[PDB]
Amino acid sequence: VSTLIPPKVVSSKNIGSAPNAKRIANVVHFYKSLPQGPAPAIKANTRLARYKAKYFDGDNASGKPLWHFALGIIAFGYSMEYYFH
Amino acid sequence: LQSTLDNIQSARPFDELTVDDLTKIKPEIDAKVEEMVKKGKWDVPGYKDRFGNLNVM
């Protein structure tokens, strides 16, 4: 009797394995990926984006904006001492 | 799959990836964030099961 037709019916091996699910994710995801990002934000020259550029970089954990920002509040109230005295 | 493999190799922001780029590549990002705020759960499960977390308590 003639061989049956199972080997040639493939359309439930298109969901049949788990990486089909992953495939339909990364055919979208990686295809819509850019070569490099859009932009990281670091500066924009609003003149305080420069503050971010010098101090608040991705790799700058350096305490300098803190010191500067602290010193700003010291400059503020010290003048206000002379506003009240 | 060949083309997709090439796409992962030749395009992949991953040293400077922006969540804006992921929101753009999937509105699923904003959908889940909004659904979580609506749900009133501000601990997204699984986050600390493959990323860290720290606490004082």
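Residues numbered from 1 in each chain as written, not as in the entry; some residues may be left out. Chains lettered and ligands numbered in written order. Part of a larger assembly, values for the part shown. Heavy atoms only, no water. Residues with missing side-chain atoms left out of burial classes, pairs and counts.

Per the deposited record, cryo-EM is how this structure was determined, to a resolution of 3.8 Å.

A.B. asks: Hey, could you go over the overall build of chain B for me, with residue numbers and the actual values?
C.D. replies: Helix and strand content of chain B: three helices and zero strands. Order of helices (α) and strands (β) in chain B, N terminus to C terminus: α-α-α. Computed over C-alpha atoms, the radius of gyration of chain B comes to 16 Å, more than 25% over the 10 Å expected from 2.2 N^0.38 for 57 residues, which places it beyond the range of a compact globule. Counting only C-alpha atoms and orienting by the principal axes, one finds that chain B spans roughly 45 × 25 × 20 Å. (Helix = DSSP H or I, 4+ residues; strand = E, 2+ residues; numbered from the N terminus. Rg over C-alpha atoms; globule rule 2.2 N^0.38 Å.)

A.B. asks: Residue-level account of the overall build of chain A, with values.
C.D. replies: Summing up its helical and strand segments, chain A has three helices and zero strands in all. Each helix (α) and strand (β) of chain A, taken in turn from the N terminus, gives the series α-α-α. Taken over C-alpha atoms, the radius of gyration comes to 30 Å for chain A, far larger than the 12 Å a tight globule of 85 residues would show. Its C-alpha atoms give chain A principal-axis dimensions of about 110 × 25 × 20 Å.

A.B. asks: For helix α3 (residues 28–39) of chain B, give the residues involved together with the corresponding values.
C.D. replies: Here α3 of chain B contains 12 residues, and its C-alpha end-to-end distance of 16 Å stays within 8% of the 16 Å for a straight helix at 1.5 Å per residue. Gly40 of chain B sits one or two positions beyond α3 of chain B and adopts a positive phi of about 85°. (Expected span 1.5 Å × (residues − 1).)

A.B. asks: How would you explain unusual backbone geometry if you had to name every residue and give the values?
C.D. replies: Not every positive phi belongs to a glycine, and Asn45 of chain A is a case in point at roughly 55°. As for its placement among the helices and strands, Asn45 of chain A is situated in the loop between α1 (19–29) and α2 (49–55).

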